[PDB]
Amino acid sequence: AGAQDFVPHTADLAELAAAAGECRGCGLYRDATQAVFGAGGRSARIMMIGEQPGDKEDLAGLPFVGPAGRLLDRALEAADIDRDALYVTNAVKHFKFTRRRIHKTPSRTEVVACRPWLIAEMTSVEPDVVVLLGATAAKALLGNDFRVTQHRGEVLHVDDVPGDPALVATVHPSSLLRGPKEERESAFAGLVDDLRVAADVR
(Lines of atoms letter the chains of each structure in order from A and count residues from 1; the text may use other names and numbers.)
(Lines give C-alpha, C1' and ligand atoms only; values in the text may rest on other atoms or scores of the structure.)
Protein backbone atom coordinates (compact mmCIF):
# COMPACT_ATOMS: atom_id res chain seq x y z
CA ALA A 1 0.00 0.00 0.00
CA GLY A 2 3.04 2.31 -0.53
CA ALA A 3 6.24 3.21 1.24
CA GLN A 4 4.23 5.76 3.35
CA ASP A 5 3.65 3.55 6.42
CA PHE A 6 7.38 2.72 6.41
CA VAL A 7 8.52 6.39 6.29
CA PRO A 8 9.56 7.98 9.60
CA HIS A 9 8.84 11.71 10.04
CA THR A 10 12.45 12.85 10.29
CA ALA A 11 14.92 15.00 8.38
CA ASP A 12 17.85 12.73 9.39
CA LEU A 13 19.19 11.03 6.24
CA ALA A 14 20.75 8.10 8.10
CA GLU A 15 17.40 7.33 9.91
CA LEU A 16 15.63 7.50 6.53
CA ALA A 17 18.06 5.11 4.89
CA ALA A 18 17.93 2.65 7.81
CA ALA A 19 14.10 2.61 7.76
CA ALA A 20 14.14 2.26 3.92
CA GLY A 21 16.02 -0.97 4.67
CA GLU A 22 12.78 -2.34 6.21
CA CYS A 23 10.38 -1.19 3.53
CA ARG A 24 7.86 -3.60 2.13
CA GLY A 25 6.18 -0.82 0.11
CA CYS A 26 6.06 -2.84 -3.10
CA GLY A 27 7.34 -6.27 -4.10
CA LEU A 28 10.79 -5.01 -5.12
CA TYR A 29 12.38 -5.60 -1.71
CA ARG A 30 11.90 -9.42 -2.21
CA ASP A 31 14.56 -10.13 -4.89
CA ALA A 32 16.99 -7.25 -4.28
CA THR A 33 19.79 -7.60 -1.78
CA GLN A 34 19.22 -4.32 0.10
CA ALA A 35 17.70 -0.88 -0.38
CA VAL A 36 20.02 1.67 -1.96
CA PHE A 37 19.23 4.98 -0.48
CA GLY A 38 20.88 8.11 -1.67
CA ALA A 39 24.31 9.46 -0.83
CA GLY A 40 25.44 12.98 0.07
CA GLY A 41 24.53 15.21 2.95
CA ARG A 42 21.78 17.68 3.65
CA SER A 43 24.10 20.56 2.84
CA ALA A 44 23.90 19.81 -0.90
CA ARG A 45 22.40 22.40 -3.18
CA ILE A 46 21.77 20.10 -6.12
CA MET A 47 19.85 16.83 -5.91
CA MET A 48 20.22 14.29 -8.77
CA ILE A 49 17.63 11.50 -9.20
CA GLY A 50 18.18 8.41 -11.41
CA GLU A 51 15.90 5.41 -12.04
CA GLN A 52 16.97 2.59 -9.79
CA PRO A 53 20.09 0.92 -8.46
CA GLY A 54 21.60 -1.48 -10.98
CA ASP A 55 23.48 -4.74 -10.54
CA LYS A 56 26.61 -3.14 -8.99
CA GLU A 57 24.71 -0.66 -6.74
CA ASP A 58 22.44 -3.36 -5.34
CA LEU A 59 25.63 -4.98 -3.97
CA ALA A 60 27.73 -1.91 -3.22
CA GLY A 61 24.87 -0.22 -1.35
CA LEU A 62 25.51 3.11 -3.09
CA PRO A 63 23.88 4.75 -6.09
CA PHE A 64 25.66 5.34 -9.38
CA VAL A 65 28.77 3.16 -8.94
CA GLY A 66 28.49 0.98 -12.07
CA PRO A 67 29.17 2.02 -15.73
CA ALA A 68 26.26 4.48 -15.79
CA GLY A 69 27.72 6.12 -12.65
CA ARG A 70 31.24 6.25 -14.12
CA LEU A 71 29.90 8.00 -17.24
CA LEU A 72 27.86 10.32 -15.00
CA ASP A 73 31.03 11.18 -13.09
CA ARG A 74 32.83 11.97 -16.35
CA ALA A 75 29.96 14.31 -17.26
CA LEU A 76 30.07 15.93 -13.82
CA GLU A 77 33.90 16.51 -14.18
CA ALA A 78 33.18 18.12 -17.58
CA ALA A 79 30.40 20.28 -16.18
CA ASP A 80 32.81 21.53 -13.44
CA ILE A 81 30.47 20.14 -10.73
CA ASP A 82 31.85 18.08 -7.83
CA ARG A 83 29.86 14.95 -6.88
CA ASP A 84 30.64 15.30 -3.14
CA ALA A 85 28.75 18.59 -3.19
CA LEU A 86 25.61 16.72 -4.48
CA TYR A 87 22.93 14.48 -3.13
CA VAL A 88 22.39 11.50 -5.44
CA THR A 89 19.48 9.10 -5.44
CA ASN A 90 16.91 7.09 -7.44
CA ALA A 91 13.16 7.03 -8.01
CA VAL A 92 13.01 3.45 -6.82
CA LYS A 93 15.14 2.08 -3.98
CA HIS A 94 15.28 -1.65 -4.78
CA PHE A 95 16.85 -3.12 -7.96
CA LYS A 96 14.26 -4.73 -10.23
CA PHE A 97 15.40 -7.51 -12.54
CA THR A 98 14.92 -10.76 -14.47
CA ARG A 99 17.23 -13.69 -15.34
CA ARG A 100 23.85 -12.14 -15.20
CA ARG A 101 21.09 -10.16 -13.42
CA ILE A 102 19.10 -8.22 -15.98
CA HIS A 103 17.74 -4.81 -15.32
CA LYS A 104 13.97 -4.17 -15.64
CA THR A 105 12.30 -0.73 -15.75
CA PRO A 106 10.22 -0.10 -12.64
CA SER A 107 6.48 -0.06 -13.23
CA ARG A 108 4.39 3.05 -12.55
CA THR A 109 2.84 1.30 -9.57
CA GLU A 110 6.27 0.69 -8.08
CA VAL A 111 7.26 4.32 -8.86
CA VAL A 112 4.21 5.69 -7.05
CA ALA A 113 4.77 3.31 -4.16
CA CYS A 114 8.39 4.33 -3.65
CA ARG A 115 7.82 8.08 -4.07
CA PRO A 116 7.35 8.86 -0.35
CA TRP A 117 11.07 8.13 0.20
CA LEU A 118 11.96 10.64 -2.48
CA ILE A 119 9.70 13.28 -1.02
CA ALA A 120 11.29 12.65 2.35
CA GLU A 121 14.83 13.08 0.89
CA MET A 122 13.75 16.35 -0.74
CA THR A 123 12.11 17.85 2.35
CA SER A 124 15.42 17.00 4.17
CA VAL A 125 18.02 18.20 1.60
CA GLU A 126 16.04 21.26 0.41
CA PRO A 127 17.80 21.39 -2.95
CA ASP A 128 17.74 24.54 -5.01
CA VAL A 129 17.86 22.35 -8.14
CA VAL A 130 16.70 18.82 -8.90
CA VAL A 131 18.24 16.99 -11.83
CA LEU A 132 16.10 14.18 -13.25
CA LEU A 133 18.20 11.55 -15.08
CA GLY A 134 15.85 9.81 -17.47
CA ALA A 135 12.20 9.15 -18.09
CA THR A 136 11.17 7.29 -14.98
CA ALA A 137 12.79 9.83 -12.64
CA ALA A 138 11.14 12.60 -14.62
CA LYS A 139 7.64 10.98 -14.73
CA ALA A 140 7.91 10.52 -10.97
CA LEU A 141 7.69 14.30 -10.35
CA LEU A 142 6.17 15.68 -13.57
CA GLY A 143 3.39 13.16 -14.43
CA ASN A 144 2.95 10.06 -16.63
CA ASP A 145 2.89 12.08 -19.88
CA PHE A 146 6.21 13.92 -19.40
CA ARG A 147 8.55 13.36 -22.35
CA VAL A 148 12.24 13.98 -21.63
CA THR A 149 13.35 14.25 -25.26
CA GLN A 150 10.92 17.19 -25.70
CA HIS A 151 11.86 19.19 -22.55
CA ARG A 152 15.51 18.45 -21.80
CA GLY A 153 17.77 21.29 -20.54
CA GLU A 154 14.85 23.54 -19.61
CA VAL A 155 14.45 25.03 -16.15
CA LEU A 156 11.07 23.74 -14.98
CA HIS A 157 9.08 24.73 -11.88
CA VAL A 158 6.06 22.72 -10.79
CA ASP A 159 3.40 23.36 -8.13
CA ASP A 160 3.39 20.06 -6.23
CA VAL A 161 7.15 19.71 -5.50
CA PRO A 162 8.37 20.40 -1.90
CA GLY A 163 10.66 23.51 -1.76
CA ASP A 164 9.84 24.82 -5.27
CA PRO A 165 13.28 23.81 -6.59
CA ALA A 166 14.14 24.38 -10.21
CA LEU A 167 13.85 21.09 -12.07
CA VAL A 168 15.98 20.09 -15.05
CA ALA A 169 15.46 16.83 -16.95
CA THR A 170 17.89 14.92 -19.04
CA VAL A 171 18.69 11.56 -20.46
CA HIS A 172 19.85 8.78 -18.22
CA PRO A 173 23.65 8.19 -18.59
CA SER A 174 22.92 4.58 -19.53
CA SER A 175 21.05 5.72 -22.67
CA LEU A 176 24.43 7.02 -23.86
CA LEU A 177 26.11 3.71 -23.12
CA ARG A 178 23.38 1.86 -25.01
CA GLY A 179 23.53 4.32 -27.95
CA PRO A 180 25.74 3.86 -31.04
CA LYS A 181 29.42 4.84 -30.73
CA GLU A 182 29.11 7.33 -33.64
CA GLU A 183 26.64 9.56 -31.74
CA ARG A 184 28.35 9.28 -28.37
CA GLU A 185 30.24 12.59 -28.60
CA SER A 186 27.08 14.53 -29.47
CA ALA A 187 24.97 12.69 -26.82
CA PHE A 188 27.59 13.32 -24.15
CA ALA A 189 27.77 16.99 -25.08
CA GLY A 190 24.00 16.97 -24.59
CA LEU A 191 24.15 15.60 -21.05
CA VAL A 192 27.03 17.94 -20.10
CA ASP A 193 25.01 20.91 -21.32
CA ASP A 194 21.86 19.95 -19.37
CA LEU A 195 23.99 19.58 -16.24
CA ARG A 196 25.45 23.09 -16.78
CA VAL A 197 21.92 24.48 -16.97
CA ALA A 198 21.26 22.99 -13.52
CA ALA A 199 24.53 24.30 -12.07
CA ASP A 200 23.91 27.80 -13.49
CA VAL A 201 20.50 28.05 -11.83
CA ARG A 202 21.27 30.68 -9.19
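Start at 1 with the first residue shown and count on from there.
Mean C-alpha B-factor comparison - 168-176 and 152-160, higher one: Stretch with the higher mean C-alpha B-factor: 152-160.
Of 73-81 and 109-117, the one with larger mean CA B-factor: According to the PDB entry, the answer is 73-81.
Peak C-alpha temperature factor (PDB record), options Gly134, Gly41, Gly143, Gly38: In this record, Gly143 carries the highest C-alpha B-factor of the candidates.
Third assignment of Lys181 from its chain's C-alpha B-factors: CA B-factor rank for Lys181: middle third.
Ranked C-alpha temperature factor of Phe97 among modelled chain residues, by third: Highest third.
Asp55, C-alpha B-factor rank within chain (lowest, middle or highest third): Highest third of the chain for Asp55's C-alpha B-factor.
Ranked C-alpha temperature factor of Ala11 among modelled chain residues, by third: Top third by C-alpha B-factor.
Cα B factor band for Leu195 (lowest, middle or highest third within the chain): For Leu195, whose C-alpha B-factor we compare with every modelled residue in the chain, the answer is the middle third.
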